[PDB]
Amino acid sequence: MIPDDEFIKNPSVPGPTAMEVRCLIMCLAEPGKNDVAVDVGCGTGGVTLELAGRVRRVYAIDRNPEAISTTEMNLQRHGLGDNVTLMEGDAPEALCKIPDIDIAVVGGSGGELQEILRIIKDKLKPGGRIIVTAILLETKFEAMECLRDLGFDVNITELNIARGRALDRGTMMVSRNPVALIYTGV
């Protein structure tokens, strides 16, 4: 899978998300060449780039113009983006113009996490998956509470990753920052 260092970043644009995390988001998302997925807060584009090649169509949304721009750049360098619709705009309004979805990945909550999830539940085909990524503490709580309030079966997994860096003196373990995945069962 495309390792972190292989992605073009940006100052005002966070990401890419740790490969280990991206790897797990895909395992939970349970892709498919016939699935329609939406990725909110596509940021650097990691999550979008991955899905761009395992489903029918992916809607990448992000209020920050730089993010939509940053994702596009990576999509182009990897020659992907055919089944990807970029959307410059607020998440709630961006979602309303989209068909029902099979997969839903919500990155940077954007302080609109609750409203964002509410909408997603109204457009979730049967057996749909909803995966919420969280970097902020307050975000994990809100993600559990809302998804629960919408009648979903919420689960949460915290991932503390450490990779080894080759030094002259030997190998050192470099830590990533904690990343929790709040998701709904099938």
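Residue numbers here begin at 1 and follow the sequence given.
Of the two segments examined, 160 to 168 and 21 to 29, it is 21 to 29 that shows the higher average Cα temperature factor in the deposited entry. Averaged over CA atoms, B-factors in the entry run higher in 77 to 85 than in the other of 77 to 85 and 93 to 101. When the C-alpha B-factors of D122, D149, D39, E66 are ranked from the entry, the top spot goes to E66.
In the deposited entry, the Cα temperature factor of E142 places it in the lowest third of its chain's modelled residues.
Residue-level temperature factors show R54 in the highest third of its chain, judged at the C-alpha atom.
In the deposited entry, the Cα temperature factor of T133 places it in the lowest third of its chain's modelled residues. In the deposited entry, the Cα temperature factor of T71 sits in the middle third of values across the chain's modelled residues.
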